[PDB]
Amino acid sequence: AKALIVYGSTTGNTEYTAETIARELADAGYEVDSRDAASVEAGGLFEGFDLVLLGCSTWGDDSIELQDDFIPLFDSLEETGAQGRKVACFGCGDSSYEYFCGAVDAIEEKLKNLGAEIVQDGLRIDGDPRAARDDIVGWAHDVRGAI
């Protein structure tokens, strides 16, 4: 299986998150292509991949904004090829906020309307992903046992 991981990380939390998952997938024998949203190019980005993992942090106070590097991809997700594609989402936030990880909820909803298959509900990290380390290892394990 070949997987694409694309992440949008401001203070590298979600970045750290993306690495933990990749290691997980690689150890399992997956081929893993990992890309920072900052440089990705949206059209057919998902083509030739058996699994597409998408990560993004939640920002904003009383509004939900998506991590900055991510926006442009988010805007161009219909150019992707997400139709019939096997996807899962992840991201870091803080529960103290009104829309916890609301950026996760978004990417999900969008994926869903484009026609992707949502293999697993989103990993929503509250806090330092470094302290949720095990939760991550496990979600990755659960995503794989769902393809």
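The first residue of the sequence shown is number 1, and the count goes up from there.
Student: Determine, for stretches 37-45 and 57-65, which one has the higher mean CA B-factor as deposited.
Tutor: Per the deposited B-factors, the answer is 37-45.
Student: Between 78-86 and 101-109, which has the higher average C-alpha B-factor in the PDB entry?
Tutor: The recorded data point to 78-86.
Student: Which of these has the highest Cα B-factor in the record: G122, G115, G29, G93?
Tutor: Each of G122, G115, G29, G93 was compared by C-alpha B-factor; the highest is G115.
Student: Among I147, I5, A1, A140, single out the one with the highest C-alpha B factor in the record, please.
Tutor: Reading the PDB entry, the winner on C-alpha B-factor is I147.
Student: Lowest, middle or highest third: which one holds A132 when the chain's residues are ordered by CA B-factor from the entry?
Tutor: Tercile = highest for this residue's CA B-factor.
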